[PDB]
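For reference, the structure discussed in these notes is given below.
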Amino acid sequence: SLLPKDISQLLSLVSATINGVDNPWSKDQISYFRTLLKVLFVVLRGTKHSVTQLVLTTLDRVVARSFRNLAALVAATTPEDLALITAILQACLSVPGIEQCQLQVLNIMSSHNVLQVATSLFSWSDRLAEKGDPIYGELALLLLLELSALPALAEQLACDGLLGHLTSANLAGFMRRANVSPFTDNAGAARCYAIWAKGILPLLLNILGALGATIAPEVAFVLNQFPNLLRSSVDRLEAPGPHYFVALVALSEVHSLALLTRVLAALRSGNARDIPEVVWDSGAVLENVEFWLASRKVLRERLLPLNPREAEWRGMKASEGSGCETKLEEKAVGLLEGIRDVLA
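Residues 1445 to 1494, 1510 to 1533, 1538 to 1704, 1721 to 1823 (the UniProt record's numbering) are what the sequence shown spells out, left to right.
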């Protein structure tokens, strides 16, 4: 064989190279494996075709197998190794040609332990991360979340009672404490919010891939066991005049909840199965949204980036059809503008 000239031949060579590594995650050569995975991630993101069999071969031999090993708390491995694996999964599922072979992924995943152990890890988190924050809590859900974008795998989680494990977990008591907020001096509460906003809620939006005829009483019951959050989500976006700033995640949380409560309501009018009502004042949200839409100046002043990624497109700019000055504002505008459409 010659040198790789195609992006697919590069993918073959990198993947052929990953399998060659005798003992991954071993104290010696764990660091070399770490950058191989990073090379894989670059190539996979590079697969915009700017071939699909390799990606499916990668999902078993690389992604599934590695997570199985990551339950090692005996070993030079870190949370960021899991995050790297979660990342490689995203790159795989973004490649053109995938999403037609979802049962394939379902097949591949279910073969290993995976979501069973991913769920296990979620119920573990606090005993395994009270350095300050349940770091493995968010990592587990984000793994599940990425998979839940595939409707078939979404059905498996609910059938295996993921929503049951979510509320029964020890974590459910920490998220329930009234200190959970994106702007906390506490590391735990800050991660608790991350698990709920960036994990639980987008999970629920996807689990309703089974049309919400079923699971709707279960998704409504999940939300119903975090009322301090349903209450906080509205108060956080309150027009200026115990909250100083406003985050982008706060807008997506409310965006998620607005979709859930509306879809649930369009399923409650079915009058055919008991879908519990969820206490979430839509009225306050709408008004809060309008008095942030009509004030781009006071918006960009109070709006703060929380992630190094979000800060990138904060100092950036994207005018086009201009109602915003910076790109971060545009994304901020985009979110709460959709919340207006939904609740209407």
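Note that beta-carbon positions come from the ideal geometry of N, C-alpha and C, so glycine has one too.
Would residue i and residue j qualify as a contact pair, given that the criterion is a beta-carbon distance under 7 Å?
i	j	result
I1754	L1765	no
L1783	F1689	no
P1542	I1598	yes
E1681	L1626	yes
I1670	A1615	no
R1788	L1807	no
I1474	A1546	no
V1514	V1558	yes
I1548	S1525	yes
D1589	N1633	yes
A1702	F1770	yes
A1530	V1580	yes
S1761	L1822	yes
Among the candidates the options, whose CA atom is the shortest distance from the CA of residue i?
i	options	result
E1732	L1778, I1663, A1531 and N1687	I1663
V1768	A1811, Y1599 and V1685	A1811
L1484	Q1473, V1568, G1672 and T1461	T1461
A1729	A1653, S1470 and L1620	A1653
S1696	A1679, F1646, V1682 and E1681	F1646
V1486	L1455, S1525 and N1528	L1455
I1551	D1519, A1538, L1566 and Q1565	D1519
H1628	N1750, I1548 and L1604	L1604
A1635	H1722, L1686, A1539 and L1620	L1686
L1736	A1726, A1702 and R1694	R1694
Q1567	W1759, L1613 and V1643	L1613
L1700	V1777, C1655, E1756 and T1677	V1777
residue 1537	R1741, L1529, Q1453 and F1477	Since the numbering of the chain jumps from 1533 to 1538, residue 1537 cannot be located in this structure.
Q1512	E1756, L1556 and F1526	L1556
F1477	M1638, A1683 and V1458	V1458
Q1565	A1617, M1795, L1814 and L1447	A1617
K1492	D1596, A1554 and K1482	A1554
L1743	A1763, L1668 and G1762	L1668
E1816	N1786, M1795, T1805 and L1772	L1772
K1482	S1470, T1516, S1494 and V1521	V1521
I1571	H1734, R1527 and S1586	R1527
From the DSSP output, which residues share a beta bridge with residue i?
i	result
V1725	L1782
Secondary structure at residue i, three-state DSSP: helix, strand or coil?
i	result
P1597	coil
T1541	coil
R1639	coil
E1681	helix
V1758	coil
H1734	helix
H1493	coil
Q1553	helix
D1820	helix
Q1619	helix
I1670	helix
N1633	coil
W1587	helix
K1661	helix
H1575	coil
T1740	helix
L1488	helix
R1699	coil
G1560	coil
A1745	helix
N1691	helix
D1450	coil
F1646	coil
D1519	helix
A1460	helix
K1776	helix
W1469	coil
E1789	helix
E1799	coil
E1808	helix
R1752	coil
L1480	helix
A1581	helix
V1510	coil
Does the beta-carbon of residue i have 16 or more other beta-carbons within 10 angstroms, so that it is buried, or is it exposed?
i	result
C1803	buried
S1583	exposed
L1578	buried
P1468	buried
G1749	exposed
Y1656	buried
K1661	buried
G1704	exposed
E1809	buried
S1798	exposed
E1791	exposed
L1692	buried
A1592	buried
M1638	buried
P1721	exposed
Are any of the Cβ atoms in chain C nearer than 7 Å to that of residue i?
i	result
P1559	Reference to chain C is not applicable here, since this structure consists of a single protein chain.
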